[PDB]
Amino acid sequence: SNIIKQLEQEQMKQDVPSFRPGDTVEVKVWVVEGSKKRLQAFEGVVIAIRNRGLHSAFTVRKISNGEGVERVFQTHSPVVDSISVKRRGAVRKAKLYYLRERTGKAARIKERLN
Amino acid sequence: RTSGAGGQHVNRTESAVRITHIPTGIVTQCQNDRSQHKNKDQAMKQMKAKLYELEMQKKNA
Amino acid sequence: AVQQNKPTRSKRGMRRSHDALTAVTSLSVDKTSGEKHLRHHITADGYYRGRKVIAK
Amino acid sequence: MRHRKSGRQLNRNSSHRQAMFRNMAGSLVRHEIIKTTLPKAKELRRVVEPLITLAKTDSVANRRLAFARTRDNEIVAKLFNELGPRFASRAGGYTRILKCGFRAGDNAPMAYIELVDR
Amino acid sequence: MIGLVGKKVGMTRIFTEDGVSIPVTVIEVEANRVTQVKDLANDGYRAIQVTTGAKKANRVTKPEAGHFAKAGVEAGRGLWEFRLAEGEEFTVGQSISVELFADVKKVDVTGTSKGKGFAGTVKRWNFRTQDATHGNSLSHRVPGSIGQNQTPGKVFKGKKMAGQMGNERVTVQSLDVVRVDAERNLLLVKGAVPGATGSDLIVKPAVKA
Amino acid sequence: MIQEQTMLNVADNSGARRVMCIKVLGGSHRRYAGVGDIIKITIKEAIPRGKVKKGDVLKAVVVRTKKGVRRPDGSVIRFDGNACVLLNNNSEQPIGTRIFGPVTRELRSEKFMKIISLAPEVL
RNA sequence: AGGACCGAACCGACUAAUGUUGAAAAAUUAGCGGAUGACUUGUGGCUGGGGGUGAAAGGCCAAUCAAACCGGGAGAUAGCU
RNA sequence: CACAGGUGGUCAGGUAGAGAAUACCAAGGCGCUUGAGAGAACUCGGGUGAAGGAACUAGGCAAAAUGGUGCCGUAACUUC
RNA sequence: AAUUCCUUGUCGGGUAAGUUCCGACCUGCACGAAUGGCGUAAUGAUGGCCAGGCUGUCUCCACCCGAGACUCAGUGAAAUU
RNA sequence: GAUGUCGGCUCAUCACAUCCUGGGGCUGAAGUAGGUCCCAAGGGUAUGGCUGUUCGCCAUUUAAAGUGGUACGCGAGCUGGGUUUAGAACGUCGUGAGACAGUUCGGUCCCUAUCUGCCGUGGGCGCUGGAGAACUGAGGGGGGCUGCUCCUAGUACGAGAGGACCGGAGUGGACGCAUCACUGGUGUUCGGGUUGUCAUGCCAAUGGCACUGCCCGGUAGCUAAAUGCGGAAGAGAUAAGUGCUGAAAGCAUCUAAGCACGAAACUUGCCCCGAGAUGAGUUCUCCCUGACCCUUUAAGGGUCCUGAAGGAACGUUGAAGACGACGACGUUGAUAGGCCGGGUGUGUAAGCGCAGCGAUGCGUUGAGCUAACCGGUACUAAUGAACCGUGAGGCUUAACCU
Ligand SMILES: [K+]
Ligand SMILES: [K+]
Ligand SMILES: [K+]
Ligand SMILES: [K+]
Ligand SMILES: [K+]
Ligand SMILES: [K+]
Ligand SMILES: [K+]
Ligand SMILES: [K+]
Ligand SMILES: [K+]
Ligand SMILES: [K+]
Ligand SMILES: [K+]
Ligand SMILES: [K+]
Ligand SMILES: [K+]
Ligand SMILES: [K+]
Ligand SMILES: [K+]
Ligand SMILES: [K+]
Ligand SMILES: [K+]
Ligand SMILES: [K+]
Ligand SMILES: [K+]
Ligand SMILES: [K+]
Ligand SMILES: [K+]
Ligand SMILES: [K+]
Ligand SMILES: [K+]
Ligand SMILES: [K+]
Ligand SMILES: [Mg+2]
Ligand SMILES: [Mg+2]
Ligand SMILES: [Mg+2]
Ligand SMILES: [Mg+2]
Ligand SMILES: [Mg+2]
Ligand SMILES: [Mg+2]
Ligand SMILES: [Mg+2]
Ligand SMILES: [Mg+2]
Ligand SMILES: [Mg+2]
Ligand SMILES: [Mg+2]
Ligand SMILES: [Mg+2]
Ligand SMILES: [Mg+2]
Ligand SMILES: [Mg+2]
Ligand SMILES: [Mg+2]
Ligand SMILES: [Mg+2]
Ligand SMILES: [Mg+2]
Ligand SMILES: [Mg+2]
Ligand SMILES: [Mg+2]
Ligand SMILES: [Mg+2]
Ligand SMILES: [Mg+2]
Ligand SMILES: [Mg+2]
Ligand SMILES: [Mg+2]
Ligand SMILES: [Mg+2]
Ligand SMILES: [Mg+2]
Ligand SMILES: [Mg+2]
Ligand SMILES: [Mg+2]
Ligand SMILES: [Mg+2]
Ligand SMILES: [Mg+2]
Ligand SMILES: [Mg+2]
Ligand SMILES: [Mg+2]
Ligand SMILES: [Mg+2]
Ligand SMILES: [Mg+2]
Ligand SMILES: [Mg+2]
Ligand SMILES: [Mg+2]
Ligand SMILES: [Mg+2]
Ligand SMILES: [Mg+2]
Ligand SMILES: [Mg+2]
Ligand SMILES: [Mg+2]
Ligand SMILES: [Mg+2]
Ligand SMILES: [Mg+2]
Ligand SMILES: [Mg+2]
Ligand SMILES: [Mg+2]
Ligand SMILES: [Mg+2]
Ligand SMILES: [Mg+2]
Ligand SMILES: [Mg+2]
Ligand SMILES: [Mg+2]
Ligand SMILES: [Mg+2]
Ligand SMILES: [Mg+2]
Ligand SMILES: [Mg+2]
Ligand SMILES: [Mg+2]
Ligand SMILES: [Mg+2]
Ligand SMILES: [Mg+2]
Ligand SMILES: [Mg+2]
Ligand SMILES: [Mg+2]
Ligand SMILES: [Mg+2]
Ligand SMILES: [Mg+2]
Ligand SMILES: [Mg+2]
Ligand SMILES: [Mg+2]
Ligand SMILES: [Mg+2]
Ligand SMILES: [Mg+2]
Ligand SMILES: [Mg+2]
Ligand SMILES: [Mg+2]
Ligand SMILES: [Mg+2]
Ligand SMILES: [Mg+2]
Ligand SMILES: [Mg+2]
Ligand SMILES: [Mg+2]
Ligand SMILES: [Mg+2]
């Protein structure tokens, strides 16, 4: 209700950039090893977005060192330091789950040139 | 219970006997007879024979 | 499964002790026609709460 | 369990329910008062009233949507030509339900459902 | 210490600055008014009766209305009792706010769990279903055997069978008190508490500790 | 989420290509092994001149799963295959000298420092 | 060409489930085998009981078969209940 | 039995289809002689299912899977 | 061995592990040459074993869609005692 | 004139002759690790290969993979591989029909629960005027498992190798309870793609049917694989055991008098049910303060008048629910629908314009549609009434006012 909505509004971030499924994004997240705290970049295609207010999330898929890796980021998590869109993709679905069966040329996504 | 037991009696009764020699690990087993006592006697005879044969194999070696 | 012994008329009546019907507590009287009807239902003349709802 | 669910199954499958409510909506629009069972009338509210809300605004897209919901041009025309203007000012609740006893054949609870301005 | 009566508002998450998401239950704990105080001389035990919320004037019956008027408090939506330790002392008409939990680390939350209705043995008691194939006849989720043969010739009391599940009083113990918001009458506890949204909860200081 | 009979790929250069989980170690009736868990494996396929032979029984540590791992903030990292790193039965130290593909932070322990150091990428 | 191949009608009946006071005194549903042949089917005929017929299972001979059914000997006999 | 059985012959539209298969229709005929609700367990008949993938079991039973046309290509063995 | 009691014979193969399977051996309880011996391509709703694929068979069940079960109106059995 | 049987499955329940965890004695017990006996039954006590198997062997685990009873528990719960009919064959016996605690391939597992029992859910009356709540707790049930790492400490011990007791912290396995914030499943009630065909006169746009025709997504709800929590600490009395003081028996002696320790067992402590606890308890509050007549004259029956508190019924309903029941609401109202706004999902509707020969693309456009969600809103339906429930509540004896 109003109470939970207020509790979530006071936690939501304010500078989340607009991105759509099919966009290539770079997400810089905080990695804490021992006592040193740095940023690690995860770059890949957004294949799913779950718009749920404070509970919003998005899935990014990349091919790292010959393996396919999907990471689901909570958008308003403090661990997600930054999100940037490196390339705008042109798809027609809200969930690009069919990319999991495609590799190389078959997995290419056309650029949304406007 | 013996294998291929036919009938209520045989299905229920524990007639097959297996004897294991703890020091050696050699095992004998008898289930030919209906009587557990006869099976145990035959298995004891086979166990005695096998221990003697083990000693005989050592002597032959 | 079936009974081993025939149940009695006593046990039959005991079981049927809860089978009694309940009469309608009271009937409502329409403010205009004066007809008795089930509460929250229209009357046999097509009236409800003093208003002729269904003609004929 | 059916926590927070909505919609009466009415001992039918989905396609039969949809067809029956399409026909019943057509009949209610045509005659402006019909006699059905109480559960069917209470479910018919949620089908018919959105049709009138759709008819409130007259456009080609809305007419095609109303045809898709109720495949009869007579019902579509009556909606958009009379019931929209009739119920323009009314917020909702274009229908009322009057319980009317029990059906003789099977003791089913019966109700009239009618348009409120009839 | 005594507890308070609240309402289950829902579930949220709290993001800590070190990147940890804490699942929280939000309990709206408005002021609880003391409607009666019980003592050894008159009742034989020491406890306070409290009420909370508001109620319809035309739905408060005259006995309830008189009971509230003797205390001098507005009619709440119910009455609950809390036993008193020998140090605690309250007075009739006194109001207690969620500030009582300001220095409490863990709480026990009691509520009426969600009702599942008539539940089978598989759901209710985690019985294992029998084989779905391999010749099984009409016995896929049935209990199985329910006793031994002629001895004892009966089914033992407390046998696990199908029946009503849920809709009963359930207490979850030792939940962390994430936040006490006095101005919004909010108690954010870590984890899940029994009951659906809008149900009454009883929050006490943790008895285990 | 690895159990018995699960086939896994090998993320090192020990010579094995496919292994099968035959036991999830570390408890009675234990069902699954996630990332950072030790399992007992048999080797189903190996390269001709590897350090291990087909049919060998040894240990392994699961480094990638399709079920994935969950981070404290609710995030989840998933991979496209189940992959493990082979280990001696006794020392439980890695057999190979190279680690292939990324691993996760869940191996950041004194037990698997060799794997962490040799991994191309840690997530 | 083919006791050839695939596959409907057609003839069958290998598996499972359901049914078992059944919708049915042998079936339904999903599959299954043959489907120009030693095939299948309509109408009519012939073989009769220690007899028929049987690519043979003691199978079939009107829901009856190591000897059909009906009537008779007959109130067989029953140291048995 | 107003019984999900059995019962020989004749007729043979459209679209797709090799087809008398199959899907949807025509001519024509029917909604199957108890209904109304509800939306528990459990039974039946289906749909989908994370990770695993025969570990199930007497047994891969059941289910899942394969499935067309054209072309490329096709092993041991063989009575060719 | 559709034949072997002892017997889960022994050795080899396959499996992490194989009373089953496959190859041998010969100590054939109790094979053997038209109540045929040993082979054998093709065939088989034939028996056993193995693999890939596939999967709710299973870890371990969850949800959903229908027909019953439940309530109301009408009609209205049965075994058993 | 019928008590169905091996193994498996599902579900168990008890014994202790204890497998693990707990406590102890002795040790040919340095430590670690054992051996053996005593106490202890609270909890726990594998998955696979082979076989119909029980058993057993084997592989790999575990703190451990206990031994038993229960019609060798459990087929009106399931299975039907073994066994156990009718077919067939091998070996063997017989001249043969046939036979084999020889083998081999195939081969119908019915029952709508009357009673007891058990799991849940109601109705009636009672509890002594009626009613609405909150309790108390007699009693009953649940739960009770354990690994590994680190500190103590490389300390005690030991020649070394190795390596503690006691105490403390962390993190797991299995199990259980709750919940859906997350991660997921489902989502035939939301959006879209698409195949065949039919129809809406046709085009365009839709609808029907083909398992939701096939698919791709997905709200709410439910849910696990998801994530919170739990087992305890403490107390009392003890078991085996250890003692102090202490005679009988000038010594000795844990015992005879007296006194102290002592375990996952017992009683509590934790959670739940619980006054039909007929021994029906307690507390708070609310309501009812008329007349008359008879009899067999009393805890009697009428007559009129009166009808309270409250309840029930009816209706709108609910994360409540088989039906009951329980909860919310009934105009002095947000109970349900609708409506409005938002959100969510789908993914840029239609129509029109432009480009293209055309399929199609682009613009209008993140457009259109959007279930169960959230916040509002009396537009619709929750009707005035009526119904049940009474009129001051027995006797005896005390205490107090009187
Ligand atoms: K009728
Ligand atoms: K004859
Ligand atoms: K058709
Ligand atoms: K032989
Ligand atoms: K011959
Ligand atoms: K020959
Ligand atoms: K074969
Ligand atoms: K012990
Ligand atoms: K000892
Ligand atoms: K015990
Ligand atoms: K055996
Ligand atoms: K037992
Ligand atoms: K028995
Ligand atoms: K019985
Ligand atoms: K009885
Ligand atoms: K969820
Ligand atoms: K969901
Ligand atoms: K169409
Ligand atoms: K002494
Ligand atoms: K009482
Ligand atoms: K509303
Ligand atoms: K467009
Ligand atoms: K458009
Ligand atoms: K939109
Ligand atoms: Mg015999
Ligand atoms: Mg009755
Ligand atoms: Mg609702
Ligand atoms: Mg019906
Ligand atoms: Mg359909
Ligand atoms: Mg419920
Ligand atoms: Mg059957
Ligand atoms: Mg079944
Ligand atoms: Mg008895
Ligand atoms: Mg042919
Ligand atoms: Mg054919
Ligand atoms: Mg025919
Ligand atoms: Mg035949
Ligand atoms: Mg058929
Ligand atoms: Mg053929
Ligand atoms: Mg014969
Ligand atoms: Mg016959
Ligand atoms: Mg004769
Ligand atoms: Mg005579
Ligand atoms: Mg006679
Ligand atoms: Mg009929
Ligand atoms: Mg017929
Ligand atoms: Mg259903
Ligand atoms: Mg089902
Ligand atoms: Mg399926
Ligand atoms: Mg799956
Ligand atoms: Mg999958
Ligand atoms: Mg696979
Ligand atoms: Mg197996
Ligand atoms: Mg098994
Ligand atoms: Mg099959
Ligand atoms: Mg299939
Ligand atoms: Mg071998
Ligand atoms: Mg195998
Ligand atoms: Mg061989
Ligand atoms: Mg021969
Ligand atoms: Mg001869
Ligand atoms: Mg021959
Ligand atoms: Mg043939
Ligand atoms: Mg009836
Ligand atoms: Mg008898
Ligand atoms: Mg003992
Ligand atoms: Mg006990
Ligand atoms: Mg205890
Ligand atoms: Mg075993
Ligand atoms: Mg086997
Ligand atoms: Mg016995
Ligand atoms: Mg037993
Ligand atoms: Mg038994
Ligand atoms: Mg029984
Ligand atoms: Mg059999
Ligand atoms: Mg025979
Ligand atoms: Mg057969
Ligand atoms: Mg049965
Ligand atoms: Mg109930
Ligand atoms: Mg207990
Ligand atoms: Mg939610
Ligand atoms: Mg999803
Ligand atoms: Mg779906
Ligand atoms: Mg659709
Ligand atoms: Mg067209
Ligand atoms: Mg049609
Ligand atoms: Mg049709
Ligand atoms: Mg002395
Ligand atoms: Mg413990
Ligand atoms: Mg959106
Ligand atoms: Mg469209």
Side-chain angles (χ1 to χ4, degrees), chain A residues 55 92 94-95, chain B residues 1 5-6 8 10-11 34, chain C residues 1-3 5-7 18 25-26 28 39-40 49, chain D residues 1-7 9 13-14 37 39 45-46 49 60-61 64 67-68 71 90-93 96-97 105-108 116, chain E residues 11-13 23 36 43 49 61-64 66-67 79 81 113-115 117-120 128 130 133-139 141-146 148-151 154-156 159 161-164 167 169-175 190-192 194 196, chain F residues 1 3-6 22-23 25-31 40 42 57 66-67 70 74 76:
Chain A
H55 315 294
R92 292 189 66 177
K95 306 289 184 301
Chain B
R1 263 73 62 77
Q8 287 195 122
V10 198
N11 285 319
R34 294 192 179 162
Chain C
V2 70
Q3 65 202 17
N5 291 93
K6 179 182 166 176
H18 300 281
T25 303
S26 59
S28 299
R39 188 155 195 83
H40 299 103
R49 297 179 64 179
Chain D
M1 312 165 52
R2 55 149 295 280
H3 291 184
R4 314 282 283 180
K5 257 74 143 62
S6 275
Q9 181 189 325
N13 55 49
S14 174
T37 65
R45 285 182 309 177
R46 309 179 64 242
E49 299 193 12
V60 174
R64 298 194 173 183
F67 188 60
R71 308 271 310 180
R90 187 169 304 271
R96 79 165 46 93
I97 308 182
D106 49 8
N107 200 43
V116 297
Chain E
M11 295 198 66
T12 330
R13 77 205 301 182
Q36 191 181 3
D43 308 74
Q49 186 187 80
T61 67
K62 293 191 63 176
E64 304 179 51
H67 179 76
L79 300 172
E81 277 196 20
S113 59
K114 283 188 161 189
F118 198 108
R128 292 196 300 269
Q130 282 147 86
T133 54
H134 294 275
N136 186 269
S137 304
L138 315 181
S139 303
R141 299 173 68 94
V142 304
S145 187
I146 63 174
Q148 301 82 43
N149 204 314
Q150 189 170 150
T151 298
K154 67 175 189 179
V155 181
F156 295 137
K159 184 73 184 64
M161 289 178 166
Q164 171 62 32
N167 195 34
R169 172 191 185 99
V170 173
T171 298
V172 179
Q173 292 181 137
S174 304
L175 301 179
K190 177 185 176 184
Chain F
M1 202 162 180
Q3 56 184 269
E4 300 182 26
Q5 313 293 319
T6 300
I22 68 178
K23 190 69 61 170
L25 311 173
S28 180
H29 289 275
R30 180 167 195 168
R31 292 190 186 90
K40 196 84 168 184
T42 177
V57 175
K66 291 197 57 182
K67 200 74 194 315
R70 299 207 58 182
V76 40

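Letters go in sequence order (proteins before strands), and every chain restarts at 1. Just the heavy atoms: all of them, side chains too, but no hydrogens, waters or symmetry mates, feed the values below.
- Residue-level contact check: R64(D) touches the bases, meaning some heavy atom is under 4.0 Å from a base atom.
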Margin query: Counting primed atoms plus P, OP1 and OP2 as sugar-phosphate and everything else as base, spell out the protein contacts along nucleotides 368-376 of chain J at 4.0 Å heavy-atom distance: B, S or - for each nucleotide, 5' to 3'.
Written below: -SS-BSSS-
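- Across all strands shown, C329(J) forms a Watson-Crick or G-U wobble pair, both distances under 3.5 Å, with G315(J).
- Contact annotation for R1(B): base contact, defined as any heavy-atom pair under 4.0 Å involving a base atom.
- One finds a side-chain N or O of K114(E) lying less than 4.0 angstrom from the OP1 or OP2 phosphate oxygen of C180(J).
- Atom name P, nucleotides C177(J) and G120(J): the rounded distance is 14 Å, in whole Å.
- At a cut-off of 3.5 angstrom, counting only N and O atoms as typed in the model, there is no donor on one side facing an acceptor on the other between the side-chain of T25(C) and the base of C387(J).
- Scored by the side-chain hydrogen bond (donor to acceptor under 3.5 Å, both in side chains) test, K40(F) finds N89(F) as partners (sequence neighbours excluded).
- Figure legend. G9(I) is base-paired to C25(I); pairs are counted as Watson-Crick or G-U wobble with both atom distances under 3.5 Å.
- Taking only side-chain nitrogens and oxygens, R92(A) never comes nearer than 4.0 Å to OP1 or OP2 of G193(J).
- Look at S174(E) and you'll find a side-chain N or O under 4.0 angstrom from OP1 or OP2 of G230(J).
- Between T171(E) and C272(J) there is a side-chain polar atom (N or O) within less than 4.0 angstrom of OP1 or OP2.
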Listed pairs, N/O of protein and of nucleotides 63-68 of chain J, under 3.5 Å:
| residue | atom | partner | partner atom | Å |
| --- | --- | --- | --- | --- |
| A65(J) | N1 | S28(F) | OG | 2.5 |

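- Phosphate proximity of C74(J) to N149(E): present, with a side-chain N or O under 4.0 Å from OP1 or OP2.
- Residue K6(C) places none of its side-chain N or O atoms closer than 4.0 Å to OP1 or OP2 of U80(I).
- Checking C157(J) for Watson-Crick or G-U wobble geometry (two distances, each under 3.5 Å) identifies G162(J) as its partner.
- Judged by Watson-Crick or G-U wobble contacts below 3.5 Å, the nucleotide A33(I) has no partner.
- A133(J) and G123(J): their P atoms are spaced 15 Å apart (whole Å).
- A1(C) comes within contact range of at least one nucleobase, with a heavy-atom separation under 4.0 Å.
- Here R141(E) reaches the OP1 or OP2 of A62(I): one of its side-chain N or O atoms lies under 4.0 Å away.
- Taken together, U377(J) and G338(J) meet the test for a Watson-Crick or G-U wobble pair: both N-N or N-O distances fall under 3.5 Å.
- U348(J) and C362(J) have their P atoms separated by 10 Å, given to the nearest Å.
- Residue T151(E) has no polar side-chain atom (N or O) positioned under 4.0 Å from OP1 or OP2 of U70(J).
- Applying the 3.5 Å distance criterion, the base of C56(H) shares a donor-acceptor pair with the side chain of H134(E).
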Notebook entry, point to check: Is there a side chain to side chain contact (heavy atoms under 4.5 Å, CB included) between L79(E) and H67(E) once you walk through the steps?
Noted result: CA-CA 11 Å; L79(E) 300 172; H67(E) 179 76; 4.0 Å; yes
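- Listed for the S137(E) side chain is a donor-acceptor partner under 3.5 Å among the backbone atoms of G135(E).
- Figure legend. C373(J) is base-paired to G342(J); pairs are counted as Watson-Crick or G-U wobble with both atom distances under 3.5 Å.
- The side chain of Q150(E) contributes no N or O atom lying less than 4.0 Å from OP1 or OP2 of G73(J).
- Applying the 90° criterion around 0 to the glycosidic angle, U316(J) comes out anti.
- Comparing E4(F) and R128(E) by the nucleotide of RNA chain I whose heavy atom lies nearest to each, the residue mapping closer to the 5' end is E4(F).
- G208(J) and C25(H) have their P atoms separated by 12 Å, with the value rounded to a whole Å.
- Annotation: side-chain hydrogen bond (donor to acceptor under 3.5 Å, both in side chains) contacts of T61(E) (sequence neighbours excluded): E64(E).
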Any N/O pairs under 3.5 Å between the protein and nucleotides 12-20 of chain J? List them or say none.
| residue | atom | partner | partner atom | Å |
| --- | --- | --- | --- | --- |
| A12(J) | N3 | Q148(E) | NE2 | 2.9 |

Note to self: Treating primed atoms plus P, OP1 and OP2 as sugar-phosphate and everything else as base, which nucleotides of nucleotides 125-140 of chain J get B, S or - for protein heavy atoms under 4.0 Å?
What the structure shows: -------BSBSSS---
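- Put simply, the side chain of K23(F) and the base of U61(J) share no donor and acceptor less than 3.5 Å apart.
- Taking 4.0 angstrom as the limit, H18(C) places none of its side-chain polar atoms (N or O) nearer than this to OP1 or OP2 of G124(J).
- As judged by a 4.0 angstrom heavy-atom cut-off over every strand, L25(F) is placed among residues touching the sugar-phosphate backbone only.
- Figure legend. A18(H) is base-paired to no nucleotide; pairs are counted as Watson-Crick or G-U wobble with both atom distances under 3.5 Å.
- Of all nucleotides present, none satisfies the Watson-Crick or G-U wobble test against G218(J) with each distance under 3.5 Å.
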